[PDB]
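Sequence positions, counted from 1, serve as the residue numbers for this chain.
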Amino acid sequence: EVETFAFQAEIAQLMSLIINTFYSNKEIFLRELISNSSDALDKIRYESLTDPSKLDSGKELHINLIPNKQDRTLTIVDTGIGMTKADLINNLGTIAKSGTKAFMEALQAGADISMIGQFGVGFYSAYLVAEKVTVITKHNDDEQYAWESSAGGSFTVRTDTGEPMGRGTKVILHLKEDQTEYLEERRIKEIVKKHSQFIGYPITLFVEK
Ligand SMILES: CS(=O)(=O)Nc1ccc(Cl)cc1
Ligand SMILES: CS(=O)(=O)Nc1ccc(Cl)cc1
């Protein structure tokens, strides 16, 4: 049972602009997704400060980066607070309508595209490198869901019958054919060291056979 939804017009506009503008500094997508993961981890940590049972679904707070060259995917996994179904539908828990407006306004006033994260819509920089993004998520208050979009104005949501995650979010980047450098271990390490060196959670870069 798969539900298909239209993006709000402003979010569709933001994604087409990310996909179609010439912009060489594509590596910032990983900084943005790691920062989102850190934000989600902060949230569950804060909730656990007054209710330790919030961590019954997983005590470890971490970020994993999993490249897969056979599948041409880069997966970012965190054990943060996760997202409910309503969150997923409401632009993955972002205020994306007003954030997009402020981002394009900032761009008029001399802001850079790499400052997308300052407007709360850094998730959508995934489409700098990915032709399709799958988001698997489990929040303590809801079931496990999969969101998916290849842009083009729509996204889908379904219950996820895959591998149970306990709690958190998995962003699966189905990379564009010319963006496979982001599966290479030395390239990922370079980006994490450059842009994410002070993230307050362990970031583990998985290796492949
Ligand atoms: C400069 S623009 O027309 O806003 N395009 C754009 C905006 C955001 C990203 Cl991440 C990439 C390109
Ligand atoms: C930049 S850091 O947090 O000091 N260490 C690190 C560097 C690279 C990767 Cl892929 C993972 C962790």
Side-chain angles (χ1 to χ4, degrees), residues 1-5 7-8 11 15 29-68 71-96 99 117 120-127 129-130 132-151 154-175 188 192 196 199-206:
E1 210 288 2
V2 179
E3 294 180 293
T4 306
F5 299 85
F7 287 110
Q8 288 171 288
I11 281 69
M15 299 149 86
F29 81 91
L30 184 60
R31 177 188 70 205
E32 297 311 319
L33 294 174
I34 289 173
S35 166
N36 284 1
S37 287
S38 177
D39 287 351
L41 288 157
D42 288 351
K43 287 176 194 178
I44 193 56
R45 177 177 280 133
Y46 185 73
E47 284 199 352
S48 77
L49 290 183
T50 59
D51 180 1
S53 75
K54 298 250 170 183
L55 300 180
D56 286 355
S57 49
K59 296 230 172 263
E60 307 334 324
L61 297 190
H62 62 238
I63 305 176
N64 298 328
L65 309 179
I66 311 177
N68 189 308
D71 293 359
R72 214 209 289 141
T73 56
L74 176 65
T75 299
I76 297 91
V77 187
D78 69 65
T79 50
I81 197 162
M83 279 174 289
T84 66
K85 187 185 187 202
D87 288 328
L88 283 177
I89 294 165
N90 204 5
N91 301 306
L92 305 110
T94 71
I95 49 153
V121 291
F123 165 78
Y124 299 95
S125 69
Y127 288 91
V129 297
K132 178 169 111 204
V133 176
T134 308
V135 175
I136 316 291
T137 193
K138 173 69 175 69
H139 185 285
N140 283 333
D141 294 343
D142 208 347
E143 299 308 319
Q144 192 160 305
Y145 281 96
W147 175 107
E148 201 164 68
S149 180
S150 299
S154 67
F155 60 97
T156 61
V157 178
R158 63 199 81 200
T159 305
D160 185 44
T161 49
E163 208 47 47
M165 323 165 33
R167 188 203 56 254
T169 295
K170 183 182 316 223
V171 176
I172 303 167
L173 306 175
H174 306 261
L175 294 184
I188 297 157
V192 172
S196 305
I199 292 293
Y201 299 95
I203 298 167
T204 304
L205 171 54
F206 284 34

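Residues satisfying the side-chain contact (heavy atoms from CB on, under 4.5 Å) test with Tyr46, not counting sequence neighbours, are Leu49. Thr4 pairs by the side-chain contact (heavy atoms from CB on, under 4.5 Å) definition with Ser154, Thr156, not counting sequence neighbours. Residues forming a ring-ring contact (aromatic ring centres under 6.0 Å, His included) with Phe7 (at least two apart in sequence, or on another chain): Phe155. Not counting sequence neighbours, the partners of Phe123 by the ring-ring contact (aromatic ring centres under 6.0 Å, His included) test are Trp147. Checked against ring-ring contact (aromatic ring centres under 6.0 Å, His included), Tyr124 has no partners two or more places apart in sequence or in another chain.
The minimum heavy-atom distance between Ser53 and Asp51, with the atom names listed, is OG-OD1, 2.6 Å. Closest heavy-atom contact between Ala126 and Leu173: CB-CD2, 3.6 Å. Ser57 approaches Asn140 most closely through the heavy-atom pair OG-OD1, 2.7 Å. Of all the heavy atoms in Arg158 and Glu1, the pair that sits closest is CB-O, 3.6 Å. Heavy atoms only, all atoms of each residue included: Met165 and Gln144 are closest at N-OE1, 2.8 Å. Residues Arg31 and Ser196 share a closest heavy-atom pair of CA-OG, 4.0 Å.
Under a 4.0 Å N-O distance rule, the pair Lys85/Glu3 qualifies as a salt bridge.
Note that OG of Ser35 is 11.0 Å distant from CG of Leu30, once rounded to the nearest 0.5 Å. Once rounded to the nearest 0.5 Å, the distance linking NZ of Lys138 with CE of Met83 reads 13.0 Å. Note that CG of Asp56 is 9.5 Å distant from CZ of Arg167, once rounded to the nearest 0.5 Å. Rounded to the nearest 0.5 angstrom, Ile188 CD1 and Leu65 CG are separated by 6.5 Å. The distance from atom CD of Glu163 to atom CD1 of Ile136, rounded to the nearest 0.5 Å, is 11.5 Å.
Side chain of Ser48 to backbone of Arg45: a donor-acceptor contact under 3.5 angstrom is found.
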Let me have the donor-acceptor pairs involving side chains of residues 73-82, under 3.5 Å, with sequence neighbours excluded, atom names and distances please.
unit_1: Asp78; atom_1: OD1; unit_2: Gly80; atom_2: N; d: 2.9
unit_1: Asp78; atom_1: OD2; unit_2: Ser37; atom_2: OG; d: 2.7
unit_1: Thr79; atom_1: OG1; unit_2: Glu60; atom_2: O; d: 2.7
unit_1: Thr79; atom_1: OG1; unit_2: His62; atom_2: N; d: 3.0

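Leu92 has its side chain out of reach of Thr137: every pair of non-hydrogen atoms, C-beta onward, lies at least 4.5 Å apart. Counting only heavy atoms from C-beta outward, the side chains of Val192 and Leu205 never approach each other to under 4.5 Å. Two residues are said to be in side-chain contact when any heavy atoms from C-beta on lie closer than 4.5 Å; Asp87 and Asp142 fail this criterion. Counting heavy atoms from C-beta on, the side chains of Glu148 and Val2 never come closer than 4.5 Å.
Considering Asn36, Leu61, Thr169, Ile199 as possible partners of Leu41, the one that fulfils the side-chain contact (heavy atoms from CB on, under 4.5 Å) test is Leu61.
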TODO: Take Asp42 and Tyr201, measure what side-chain contact (heavy atoms from CB on, under 4.5 Å) needs, and give me the verdict at the end.
DONE: CA-CA 9 Å; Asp42 288 351; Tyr201 299 95; 2.6 Å; yes
